[PDB]
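Notes to accompany the following structure.
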Amino acid sequence: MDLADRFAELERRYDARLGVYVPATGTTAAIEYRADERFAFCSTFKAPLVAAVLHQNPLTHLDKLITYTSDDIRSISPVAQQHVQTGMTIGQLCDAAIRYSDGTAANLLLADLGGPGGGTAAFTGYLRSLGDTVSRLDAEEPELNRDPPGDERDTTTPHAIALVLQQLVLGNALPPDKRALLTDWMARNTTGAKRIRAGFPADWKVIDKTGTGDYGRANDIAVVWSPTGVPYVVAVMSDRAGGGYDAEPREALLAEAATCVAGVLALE
Ligand SMILES: *C(=O)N1C[C@H](NOS(=O)(=O)O)CC[C@H]1C(N)=O
């Protein structure tokens with residue numbers, strides 16, 4: 001048997017569709033499974049969103065205070081609800097968007113990037129600027145949770161998002177000082193313990209951004225480093241469209257997919 005057969009069994013067992021991509025390196029072949037099929041971003045767009053805002057502004061822009069109201073909180077926003085009275089700086093928003101997957105923080109970052117009607121097109125244009133012609137963001141949270149399976153809106157592919165993440169973390173899409181902020185926020189993420197992290201041994205370093213949604217959607221995108229500093233990019237995406245809109249996401253599906261990947265990357 002081969003790795004595609006292992007990934008197929010994961011699908012049968014969880015009644016799920018799984019997509020995996022890990023770029024080739026000098027010493028490892030690409031891992032690709034449904035790598036060109038579309039999957040909802042869910043919250044994973046917030047990583048390249050923070051990069052867009054870092055890229056387009058001096059670091060001093062991170063100190064800009066954004067004020068907002070309870071009316072702006074229409075999605076799960078653990079950090080933004082706490083700071084609604086005093087406001088949050090662009091920096092704080094980037095922090096929240098990545099580390100708590102904060103929906104209001106992402107929406108305010110979208111508005112900072114392209115204005116109130118223009119944010120999702122501007123975010124998408126950032127992706128186009130990086131050579132990603134595939135991904136698209138069309139709505140903001142929470143409206144983007146309503147796209148049904150098969151709708152191209154608000155989707156990426158394992159291929160596309162891993163390659164974006166690669167440029168951002170391991171390439172030169174950002175200058176070192178901006179890159180480090182992205183990397184720090186993803187390193188300090190609070191939401192991915194049970195996903196890619198759970199597939200990799202404790203001496204591999206992991207940074208990540210998750211997403212979850214309706215139709216059983218669960219994603220994670222990460223950069224991992226070997227104990228000797230060898231970097232790899234892992235995108236794992238899933239949905240469970242079988243069980244309808246209220247199908248439960250399965251984090252363990254992602255942990256298992258990650259374990260299959262780690263078995264390839266870690267075993268010499
Ligand atoms: C992101 O997909 N979302 C924001 C928040 N955190 O989820 S994540 O950690 O899996 O990124 C809650 C769910 C979801 C949403 N529906 O907007």
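Each chain in the structure tokens gets a letter, A, B and so on, in the order shown; residues start at 1 in every chain, and ligands are counted from 1 in the order they appear.
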
Set the distance at 8 Å and use only C-alpha atoms: which residues neighbour region 161-177 of chain A once local chain neighbours fewer than 4 positions away are removed? I'd like the list as a PDB file with C-alpha atoms, in the first residue's frame.
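Contents of the output file result_25.pdb:
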ATOM      1  CA  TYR A  21      -0.274  19.133   0.455  1.00  0.00           C
ATOM      2  CA  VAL A  22       3.355  19.212   1.486  1.00  0.00           C
ATOM      3  CA  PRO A  23       5.773  20.781  -1.027  1.00  0.00           C
ATOM      4  CA  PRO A  48      -2.209  35.673   4.733  1.00  0.00           C
ATOM      5  CA  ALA A  51       0.674  39.291   5.976  1.00  0.00           C
ATOM      6  CA  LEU A  54       2.052  43.891   7.357  1.00  0.00           C
ATOM      7  CA  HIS A  55       3.217  44.057   3.761  1.00  0.00           C
ATOM      8  CA  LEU A 127      -2.954  36.474  -2.990  1.00  0.00           C
ATOM      9  CA  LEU A 130       1.934  36.343  -4.583  1.00  0.00           C
ATOM     10  CA  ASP A 132      -1.969  32.609  -6.367  1.00  0.00           C
ATOM     11  CA  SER A 135      -7.814  31.199  -4.003  1.00  0.00           C
ATOM     12  CA  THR A 156      -8.537  27.720  -1.625  1.00  0.00           C
ATOM     13  CA  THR A 157      -6.763  24.446  -2.432  1.00  0.00           C
ATOM     14  CA  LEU A 181       5.727  38.937  13.532  1.00  0.00           C
ATOM     15  CA  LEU A 182       3.677  36.634  11.383  1.00  0.00           C
ATOM     16  CA  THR A 183       5.830  33.710  12.546  1.00  0.00           C
ATOM     17  CA  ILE A 221      -2.012  25.102   7.725  1.00  0.00           C
ATOM     18  CA  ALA A 222       1.438  24.955   9.308  1.00  0.00           C
ATOM     19  CA  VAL A 223       5.132  25.338   8.894  1.00  0.00           C
ATOM     20  CA  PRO A 231      11.518  23.365   7.334  1.00  0.00           C
ATOM     21  CA  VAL A 233       4.972  23.266   4.829  1.00  0.00           C
ATOM     22  CA  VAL A 234       1.834  21.207   5.633  1.00  0.00           C
ATOM     23  CA  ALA A 235      -1.694  22.060   4.555  1.00  0.00           C
TER      24      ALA A 235
END

Which chains and residue numbers are within 7 Å of ligand 1, counting only C-alpha atoms and all ligand atoms, if I want them as a PDB file with N, CA, C and O atoms, in the first residue's frame?
ATOM      1  N   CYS A  42     -12.310  28.799   5.610  1.00  0.00           N
ATOM      2  CA  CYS A  42     -12.728  29.114   6.941  1.00  0.00           C
ATOM      3  C   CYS A  42     -11.733  30.113   7.441  1.00  0.00           C
ATOM      4  O   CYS A  42     -11.269  30.950   6.646  1.00  0.00           O
ATOM      5  N   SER A  43     -11.329  30.026   8.713  1.00  0.00           N
ATOM      6  CA  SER A  43     -10.427  31.019   9.262  1.00  0.00           C
ATOM      7  C   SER A  43      -9.018  30.999   8.758  1.00  0.00           C
ATOM      8  O   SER A  43      -8.257  31.873   9.163  1.00  0.00           O
ATOM      9  N   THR A  44      -8.622  30.049   7.904  1.00  0.00           N
ATOM     10  CA  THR A  44      -7.188  29.981   7.556  1.00  0.00           C
ATOM     11  C   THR A  44      -6.746  31.202   6.752  1.00  0.00           C
ATOM     12  O   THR A  44      -5.566  31.504   6.743  1.00  0.00           O
ATOM     13  N   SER A  75     -19.600  37.686  14.559  1.00  0.00           N
ATOM     14  CA  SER A  75     -18.981  36.344  14.495  1.00  0.00           C
ATOM     15  C   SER A  75     -18.241  36.140  15.787  1.00  0.00           C
ATOM     16  O   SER A  75     -18.119  37.092  16.598  1.00  0.00           O
ATOM     17  N   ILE A  76     -17.743  34.928  15.980  1.00  0.00           N
ATOM     18  CA  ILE A  76     -17.001  34.537  17.200  1.00  0.00           C
ATOM     19  C   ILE A  76     -15.705  35.338  17.268  1.00  0.00           C
ATOM     20  O   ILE A  76     -14.826  35.267  16.359  1.00  0.00           O
ATOM     21  N   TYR A 100      -6.325  33.629  18.119  1.00  0.00           N
ATOM     22  CA  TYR A 100      -7.683  33.294  18.563  1.00  0.00           C
ATOM     23  C   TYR A 100      -8.672  33.139  17.431  1.00  0.00           C
ATOM     24  O   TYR A 100      -9.898  33.039  17.646  1.00  0.00           O
ATOM     25  N   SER A 101      -8.141  33.140  16.201  1.00  0.00           N
ATOM     26  CA  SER A 101      -8.930  33.104  15.025  1.00  0.00           C
ATOM     27  C   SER A 101     -10.105  34.106  15.068  1.00  0.00           C
ATOM     28  O   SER A 101     -11.236  33.790  14.662  1.00  0.00           O
ATOM     29  N   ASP A 102      -9.841  35.321  15.576  1.00  0.00           N
ATOM     30  CA  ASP A 102     -10.933  36.277  15.919  1.00  0.00           C
ATOM     31  C   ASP A 102     -11.592  36.820  14.653  1.00  0.00           C
ATOM     32  O   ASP A 102     -10.934  37.359  13.759  1.00  0.00           O
ATOM     33  N   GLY A 103     -12.903  36.629  14.563  1.00  0.00           N
ATOM     34  CA  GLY A 103     -13.651  36.980  13.392  1.00  0.00           C
ATOM     35  C   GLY A 103     -13.833  38.488  13.215  1.00  0.00           C
ATOM     36  O   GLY A 103     -13.620  39.028  12.111  1.00  0.00           O
ATOM     37  N   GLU A 141     -16.600  36.857   7.719  1.00  0.00           N
ATOM     38  CA  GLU A 141     -17.293  36.096   8.736  1.00  0.00           C
ATOM     39  C   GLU A 141     -18.456  36.938   9.301  1.00  0.00           C
ATOM     40  O   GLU A 141     -18.328  38.112   9.473  1.00  0.00           O
ATOM     41  N   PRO A 142     -19.579  36.300   9.590  1.00  0.00           N
ATOM     42  CA  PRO A 142     -19.798  34.830   9.507  1.00  0.00           C
ATOM     43  C   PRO A 142     -20.458  34.376   8.199  1.00  0.00           C
ATOM     44  O   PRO A 142     -20.726  33.192   8.041  1.00  0.00           O
ATOM     45  N   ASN A 145     -19.347  31.173   6.219  1.00  0.00           N
ATOM     46  CA  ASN A 145     -19.733  29.831   6.734  1.00  0.00           C
ATOM     47  C   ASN A 145     -20.969  29.204   6.044  1.00  0.00           C
ATOM     48  O   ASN A 145     -21.136  27.992   6.041  1.00  0.00           O
ATOM     49  N   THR A 191      -5.198  27.616  19.058  1.00  0.00           N
ATOM     50  CA  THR A 191      -6.323  26.859  18.538  1.00  0.00           C
ATOM     51  C   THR A 191      -5.944  25.578  17.798  1.00  0.00           C
ATOM     52  O   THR A 191      -6.832  24.845  17.385  1.00  0.00           O
ATOM     53  N   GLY A 192      -4.657  25.283  17.641  1.00  0.00           N
ATOM     54  CA  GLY A 192      -4.224  24.149  16.760  1.00  0.00           C
ATOM     55  C   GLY A 192      -3.594  22.963  17.485  1.00  0.00           C
ATOM     56  O   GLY A 192      -2.959  22.135  16.847  1.00  0.00           O
ATOM     57  N   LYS A 209      -2.158  27.934  11.587  1.00  0.00           N
ATOM     58  CA  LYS A 209      -3.412  28.668  11.598  1.00  0.00           C
ATOM     59  C   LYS A 209      -4.504  27.705  11.202  1.00  0.00           C
ATOM     60  O   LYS A 209      -4.436  27.053  10.189  1.00  0.00           O
ATOM     61  N   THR A 210      -5.511  27.633  12.034  1.00  0.00           N
ATOM     62  CA  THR A 210      -6.612  26.698  11.805  1.00  0.00           C
ATOM     63  C   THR A 210      -7.791  27.331  11.098  1.00  0.00           C
ATOM     64  O   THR A 210      -7.893  28.541  10.951  1.00  0.00           O
ATOM     65  N   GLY A 211      -8.754  26.484  10.730  1.00  0.00           N
ATOM     66  CA  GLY A 211     -10.068  26.946  10.378  1.00  0.00           C
ATOM     67  C   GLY A 211     -11.070  25.851  10.657  1.00  0.00           C
ATOM     68  O   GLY A 211     -10.768  24.674  10.577  1.00  0.00           O
ATOM     69  N   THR A 212     -12.287  26.258  10.951  1.00  0.00           N
ATOM     70  CA  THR A 212     -13.378  25.324  11.222  1.00  0.00           C
ATOM     71  C   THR A 212     -14.650  25.932  10.638  1.00  0.00           C
ATOM     72  O   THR A 212     -14.793  27.135  10.653  1.00  0.00           O
ATOM     73  N   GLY A 213     -15.596  25.102  10.187  1.00  0.00           N
ATOM     74  CA  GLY A 213     -16.855  25.649   9.762  1.00  0.00           C
ATOM     75  C   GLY A 213     -17.945  24.617   9.725  1.00  0.00           C
ATOM     76  O   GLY A 213     -17.842  23.493  10.220  1.00  0.00           O
ATOM     77  N   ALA A 218     -12.848  21.308   8.699  1.00  0.00           N
ATOM     78  CA  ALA A 218     -11.740  21.511   9.619  1.00  0.00           C
ATOM     79  C   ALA A 218     -10.486  21.566   8.799  1.00  0.00           C
ATOM     80  O   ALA A 218     -10.205  20.669   8.015  1.00  0.00           O
ATOM     81  N   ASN A 219      -9.739  22.635   8.981  1.00  0.00           N
ATOM     82  CA  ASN A 219      -8.461  22.841   8.271  1.00  0.00           C
ATOM     83  C   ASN A 219      -7.346  23.183   9.252  1.00  0.00           C
ATOM     84  O   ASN A 219      -7.610  23.671  10.352  1.00  0.00           O
TER      85      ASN A 219
END

If DSSP is run on the backbone, what residues of region 127-209 of chain A are helix (DSSP H, G or I)? A reply as a count of residues only would be ideal. 36

Could you list, as a PyMOL selection string, every residue within 7 Å of residue 255 (chain A), counting only C-alpha atoms and ignoring same-chain residues fewer than 5 positions away? chain A and resi 194-196+198-199

Atoms to include: N, CA and C atoms. Write the selected residues as a PDB file, in the first residue's frame.
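Generated file (result30.pdb):
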ATOM      1  N   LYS A 194      -4.642  20.227  18.678  1.00  0.00           N
ATOM      2  CA  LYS A 194      -5.176  18.923  18.349  1.00  0.00           C
ATOM      3  C   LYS A 194      -5.139  18.611  16.855  1.00  0.00           C
ATOM      4  N   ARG A 195      -4.454  19.449  16.080  1.00  0.00           N
ATOM      5  CA  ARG A 195      -4.438  19.274  14.655  1.00  0.00           C
ATOM      6  C   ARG A 195      -3.054  18.891  14.152  1.00  0.00           C
ATOM      7  N   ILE A 196      -2.413  19.696  13.302  1.00  0.00           N
ATOM      8  CA  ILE A 196      -1.086  19.295  12.803  1.00  0.00           C
ATOM      9  C   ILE A 196      -0.103  19.053  13.919  1.00  0.00           C
ATOM     10  N   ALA A 198      -0.470  17.768  16.695  1.00  0.00           N
ATOM     11  CA  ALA A 198      -0.659  16.465  17.310  1.00  0.00           C
ATOM     12  C   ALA A 198      -0.094  15.339  16.484  1.00  0.00           C
ATOM     13  N   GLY A 199       0.230  15.588  15.228  1.00  0.00           N
ATOM     14  CA  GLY A 199       0.858  14.622  14.396  1.00  0.00           C
ATOM     15  C   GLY A 199       2.366  14.610  14.385  1.00  0.00           C
TER      16      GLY A 199
END

List as a list in words the protein and nucleic acid residues near residue 72 (chain A), meaning an atom at most 8 Å away when only C-alpha atoms are counted, but skip any in the same chain fewer than 3 places from it.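 Contacts, in chain order: residues 68, 69 and 104 of chain A.
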
Could you dump the residues just selected with N, CA and C atoms as a PDB file, in the first residue's frame?
ATOM      1  N   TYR A  68     -14.375  50.331  17.315  1.00  0.00           N
ATOM      2  CA  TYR A  68     -15.473  49.575  16.762  1.00  0.00           C
ATOM      3  C   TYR A  68     -16.534  49.425  17.845  1.00  0.00           C
ATOM      4  N   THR A  69     -17.669  48.847  17.521  1.00  0.00           N
ATOM      5  CA  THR A  69     -18.792  48.775  18.487  1.00  0.00           C
ATOM      6  C   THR A  69     -19.260  47.348  18.580  1.00  0.00           C
ATOM      7  N   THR A 104     -14.140  39.192  14.286  1.00  0.00           N
ATOM      8  CA  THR A 104     -14.204  40.654  14.198  1.00  0.00           C
ATOM      9  C   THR A 104     -12.816  41.252  13.904  1.00  0.00           C
TER      10      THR A 104
END

When DSSP works through the backbone of this structure, what residues of region 27-236 of chain A end up as strand (DSSP E), shown as a PyMOL selection string? chain A and resi 31-33+39-40+65-66+88-89+155-156+205-213+217-225+231-236

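Comparing A:73, A:18, A:31, A:202 by their smallest distance to residue 3 (chain A), the closest is A:31 (using only C-alpha atoms).
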
I need the residue nearest residue 245 (chain A) from this list: A:263, A:158, A:149, A:114. Use only C-alpha atoms for the distance.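 Of A:263, A:158, A:149, A:114, the one nearest residue 245 (chain A), counting only C-alpha atoms, is A:149.
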